[PDB]
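One protein chain, two forms: both are listed below as structure tokens, the first as structure 1 and the second as structure 2.
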Structure 1
């Protein structure tokens, strides 16, 4: 459930989705395997909580908990950016067949239900 940063009590979870360039179904086999590895590593390094993360031929789906003071875009930037660089060094076709691994676009959807009774305990905890 909830977690607390310096004086900020939060529960922030997002549904993030992004596709490779031209929607090329390259996220398969060893590539999708490596992709998830690097993102988990990034998440640990950026204190991001990876909840759900399944990969599909032409897109990835991540559900993460991120400190509102940190920023979703910051996580996405390291995720997309590092993956592209690292992958393009291992899987050569990613570099030759595509100018970049990803696009400058992503899908962000906030997830969570109105947590009544947790609001009241917060208030009384003040």
Structure 2
């Protein structure tokens, strides 16, 4: 349930959602497939656990467990920036029709780190 780095015991899960620039419906077909693949690789390299990843034509939603000392924002900027650069190189229509693949924004909402019965042991007695 809980993982630890050298100094912290944690379980930090977040729903993360972001969309393409201008809300263009470009997360389809081959682009959707490659995007997921790039996110999985970024996560693997960043010691981030992807619990769920869903895409629709105009947004991607990820539920991930991320070390708090690392920072959810660090994972997000790498996932977004790397996917943008790679996808725009691989799918020219993404590079020629848009100034960037993503926007400067995202949505983030924490999720319970573990069921109540488990967390209780650590926060109450």
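Numbering follows the first chain given and starts at 1. Only residues modelled in both forms are compared. Definition used throughout: the rigid core is the maximal C-alpha set that superposes within 1.5 Å between two forms.
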Checklist entry - C-alpha of residue 111: shift of 2 angstroms or more between the two structures, rigid core aligned? => result no
Checklist outcome for this item: Between-form comparison on the rigid core puts the Cα shift of residue 8 between the two structures, in Å, at 1.1
Item to check | Rigid-core-fitted C-alpha displacement of residue 120 between the two structures (angstrom) | outcome: 6.1
Next on the checklist: For a quick check of understanding: after superposing on the core, name the runs of at least three residues, shared by both forms, whose CA atoms each shift 2 angstroms or more between the two structures.
Outcome noted: 113-125
